[PDB]
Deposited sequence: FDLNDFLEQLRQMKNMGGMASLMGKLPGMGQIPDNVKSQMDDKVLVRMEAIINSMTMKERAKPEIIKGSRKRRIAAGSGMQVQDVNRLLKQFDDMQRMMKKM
């Protein structure tokens, strides 16, 4: 389960945008996403790092939740 999947799944249009500013690798191995990349993604989707982090957090709980079944 990676960001590509999470993507499959109102303000949902603003979350797509964020995932849409990522590279393939970032979508596949989300953990590589640190400061500099967030900086790039957020600006690339007219967002803000806090937005990105939120999205990354939602994906995380979605992962952990399935990483327990």
Deposited residues absent from the coordinates (by C-alpha): 10-42
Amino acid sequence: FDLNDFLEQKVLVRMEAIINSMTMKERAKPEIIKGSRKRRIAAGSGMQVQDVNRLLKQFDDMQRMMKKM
From here on, numbers count along this sequence of modelled residues.
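Here, rigid core means the biggest group of C-alpha atoms that superpose within 1.5 Å across both forms.
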Could you tell me which of the two stretches, 10-18 or 43-51, has its Cα atoms lying farther from the shown structure in 8 other deposited structures of this protein after fitting on the rigid core? 10-18
When mean C-alpha B-factors in the record are compared for 53-61 and 21-29, the larger belongs to 53-61
Could you place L12 in the lowest, middle or highest third of its chain by Cα temperature factor, using the values in the record? highest
